[PDB]
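One structure is given here, and the rest of the page talks about it.
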Amino acid sequence: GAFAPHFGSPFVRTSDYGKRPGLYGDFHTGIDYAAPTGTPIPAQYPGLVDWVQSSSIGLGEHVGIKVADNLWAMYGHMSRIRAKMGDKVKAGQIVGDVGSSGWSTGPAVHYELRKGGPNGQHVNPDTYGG
Ligand SMILES: [Zn+2]
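Offset between the sequence shown (1-based) and the working numbering: plus 110.
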């Protein structure tokens, strides 16, 4: 996983990427890490902030960071966004605060890997890149 997420404490992984338990029903498009609302989200990989959105839908408050030539890391369900568009960010820079914005049951951060663009196709962060 060349761009797998490596959140430390207090982030705890809850729902994996891909088809959920059983053979029918839902498909998680990223990896959910649980943590209290307000927990600062440190960026996993350096890149350019080229996508910021506030909505009450799906990922809700989220940022996209271009972390590779054709790969964008998305950090979602924020309670507060702290990156501005154009920001060059380093790994471990705090890009936001955990929330439950959008379509999330409780407090967690949704890490999604997209190819083709900030609204592009999602991939498996655990496996993409090796
Ligand atoms: Zn999710």
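The beta carbon of each residue, even a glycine, is placed where N, CA and C say it ideally should be.
In angstroms, rounded to a whole number, what distance separates the CA positions of residue 92 and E222? Nothing can be reported for residue 92: it is not among the residues displayed for the chain, which extend from 111 to 240.
Can you tell me which of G128, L158, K129, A144 puts its alpha carbon nearest to the alpha carbon of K200? Residue numbering aside, residue 200 sits at position 90 when the sequence shown is read from its first letter. Checking every option, the nearest Cα to that of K200 belongs to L158.
Given this structure, state the Cα-to-Cα distance separating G216 from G196, to the nearest angstrom. In the sequence shown, counting from the first residue as 1, residue 216 sits at position 106. In the sequence shown, counting from the first residue as 1, residue 196 sits at position 86. Cα to Cα, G216 sits roughly 30 Å from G196.
Can you name, in chain order, every residue of its own chain whose Cβ lies under 6 Å from the Cβ of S214, other than the five neighbours on each side? Taking the first residue of the sequence shown as position 1, residue 214 is located at position 104. Only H187 meet the Cβ criterion.
Where DSSP assigns a beta bridge to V233, which residues make up the other side? Position 123 of the sequence shown, counted from the start, is the residue given in the question as residue 233. DSSP lists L223 as partners of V233.
With distance defined between alpha-carbon atoms, name the residue in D236, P235, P150, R224 nearest to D160. The sequence position of residue 160 within the sequence shown is 50, counting from 1. The candidate whose alpha carbon is nearest that of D160 is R224.
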